[PDB]
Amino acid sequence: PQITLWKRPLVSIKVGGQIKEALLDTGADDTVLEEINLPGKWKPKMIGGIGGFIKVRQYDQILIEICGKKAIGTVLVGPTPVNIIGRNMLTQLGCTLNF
């Protein structure tokens, strides 16, 4: 799809047997979700920083479907005000900026 930016790019995502709303964020390096139980191993990871560090759970090679196309990448699970789809997953979807 082509998405204009007059409003926030919230999309619907399928992940871990759940449906969630998330933000296509070209300004984020990583993908962060909250309130989900992902399969497989996880390692702790300190992210963020400015104001202090926040610990999350890093799951690797997690599938996320968005408007039809599927992406597989690392997902960080921890507290976040909005579910973020960072560039690590945007690139797996073939997402580009165009103007």
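One-based numbering along the sequence shown.
- For the pair 62-70 and 22-30, the record assigns the higher mean C-alpha temperature factor to 62-70.
- Among all modelled residues in this chain, the alpha-carbon of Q92 has a temperature factor (C-alpha) in the middle third.
- Ranked against the other modelled residues of its chain, the C-alpha B-factor of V82 as given in the entry falls in the highest third.
- Among all modelled residues in this chain, the alpha-carbon of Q2 has a temperature factor (C-alpha) in the highest third.
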